[PDB]
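If you want the building blocks of each chain, they are given just below.
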Amino acid sequence: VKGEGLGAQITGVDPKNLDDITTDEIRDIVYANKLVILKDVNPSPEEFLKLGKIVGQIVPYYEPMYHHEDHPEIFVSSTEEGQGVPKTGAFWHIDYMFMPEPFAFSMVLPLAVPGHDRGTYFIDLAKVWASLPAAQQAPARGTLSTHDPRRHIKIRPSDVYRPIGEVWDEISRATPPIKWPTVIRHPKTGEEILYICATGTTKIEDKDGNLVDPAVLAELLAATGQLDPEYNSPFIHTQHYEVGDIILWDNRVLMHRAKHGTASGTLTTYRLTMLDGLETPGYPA
Ligand SMILES: CCCCCCC[C@H](CC(=O)O)NCC(=O)O
Ligand SMILES: [Fe+2]
């Protein structure tokens, strides 16, 4: 492990001797540093899958148009016609944050990268929460937030010529809004996390079930730095893609968003998403 914290680089990951990596060792590195780069791995699809199985329980994405043609577990973001889906993740989110079991870990392998300006922005939601005074934290504790993904589900090739209301209705059954505690506690690190997302968090309600003042959700979102279109907030870390360098991170603690670029060429990334078996997203706080 070269550095410490978000950009930490890890050098010994050999795609033909993955049996040397144990689950507890890679998990502890990820929990501690939150975002790590497995440098110069360049795995095949099957070696990637082996590494994913080391990390945790691989969950395939629910929508098969994202699947790798040969490996349903691999979520494919690619500008190649008919390969996965182009330009995914162009908005702040947590992977599967709208689903019954959000992922513990996300893992992205960049396969083709044009230029050197694309990657992912990350925000540490535990550091945001720890930054807030107790009086500001108090309206958020013991509440439930609603996360509505539906407006961000993408039109699929098989949706062409469907009435949009029927596509919407199908989305509403597949990915209905869901409620999570506004503040959660990481089941492993003990860290409290402000689990809110400008893209999908619509409201906060208290233990009675009453609406909390809309000014509370708005203030907290602003505090995360998710509402600055110029990405200058101190809480934003920028991680640039590099071919073969695998990006692996804690999907409970980090909110992220695609960073786009200007260079011509194919952008192709493969993603594996894993549960760790612990309370997800976390314990209520
Ligand atoms: C709660 C915020 C809604 C996020 C919409 C989810 C669509 C994305 C895929 C894509 O960006 O096309 N989901 C990926 C995942 O959750 O792992
Ligand atoms: Fe994502």
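Residues numbered from 1 in each chain as written, not as in the entry; some residues may be left out. Chains lettered and ligands numbered in written order. Heavy atoms only, no water. Residues with missing side-chain atoms left out of burial classes, pairs and counts.

Structure determination for the deposited model, as stated in its record, used X-ray crystallography, and the stated resolution is 2.13 Å.

Engineer: Tell me about the site of ligand 1, residues and numbers included.
Structural biologist: If you check the shell around ligand 1, you find 14 residues, and the closest are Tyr 61, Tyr 66, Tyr 96, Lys 154 and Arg 271. Interatomic distance of 2.7 Å between a side-chain N/O atom of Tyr 61 and a nitrogen atom of ligand 1. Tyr 66 places a polar side-chain atom, nitrogen or oxygen, 2.6 Å from an oxygen atom of ligand 1. In the complex, the protein chains occlude 98% of the 480 Å² of accessible area that ligand 1 would expose alone. (Near = heavy atom within 4 Å. Polar contact = N/O pair within 3.5 Å; in protein donor to acceptor, adjacent residues only side chain to side chain. Areas by Shrake-Rupley, 256 points an atom, 1.4 Å probe, with all protein chains shown as cover.)

Engineer: Tell me about the pairing of strand 13 (residues 246-250), and please be specific about residues and values.
Structural biologist: The buried fraction of strand 13 amounts to 5 of the 5 residues, a majority that puts the element mostly inside the structure. Burial of strand 13 is two-sided: the residues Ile 246, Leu 248 and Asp 250 facing one way and the residues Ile 247 and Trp 249 facing the other way are all buried. With 4 bridges joining them, strand 2 (residues 35-38) and strand 13 adopt antiparallel strand pairing. Bridge pairing in strand 13 links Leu 38 to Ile 246. Judged from the 4 bridges that link them, strand 5 (residues 105-112) and strand 13 form a sheet pairing that is antiparallel. By the bridge assignment, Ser 106 is partnered in strand 13 with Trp 249. (Buried < 20%, exposed > 50% of the residue type's maximum accessible area, 1.4 Å probe, protein only. Helix = DSSP H or I, 4+ residues; strand = E, 2+ residues; numbered from the N terminus. Pairing = 2+ DSSP bridges.)

Engineer: Talk me through the side chain of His 147; I want residue IDs and the actual numbers.
Structural biologist: Tracing the chain through its elements places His 147 in strand 7 (residues 144-147). With relative accessibility at 2%, the residue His 147 sits in the buried group. Side chain to side chain, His 147 and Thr 201 meet in a polar contact 2.8 Å long. The contact partners of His 147, leaving out residues within four places of it in the chain, are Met 97, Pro 177, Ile 178, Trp 180, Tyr 195, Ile 196, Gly 200 and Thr 201. (Contact = heavy atoms within 4.5 Å.)

Engineer: Report on the coordination of the iron ion (ligand 2), specifying residues and quantitative values.
Structural biologist: Protein coordination of the iron ion (ligand 2) is provided by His 93 (NE2), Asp 95 (OD) and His 256 (NE2), with donor distances spanning 2.3 to 2.4 Å. If you list the donors of the iron ion (ligand 2) from N- to C-terminus, the spacing comes out as H-x1-D-x160-H. Here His 256 lies in strand 14 (residues 254-259) and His 93 lies in the loop between strand 4 (75-78) and strand 5, a separation of 163 residues in the sequence. The same class applies to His 93 as to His 256, namely buried. (Donors = N, O, S within 2.8 Å, 3.2 Å for Na, K, Ca; no water.)

Engineer: Outline the pairing of strand 15 (residues 268-275), listing residues and values.
Structural biologist: Extensive coverage of strand 15 is indicated by the burial of 8 of its 8 residues. The pairing of strand 3 (residues 57-58) with strand 15 spans 2 bridges and is antiparallel. By the bridge assignment, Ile 58 is partnered in strand 15 with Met 274. Direction of pairing for strand 4 relative to strand 15: antiparallel, over a ladder of 4 bridges. Bridge pairing links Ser 78 to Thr 268 in strand 15. Sheet topology places strand 5 next to strand 15; 7 bridges connect them, and they run antiparallel. Paired with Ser 106 across the bridge in strand 15 is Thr 273.

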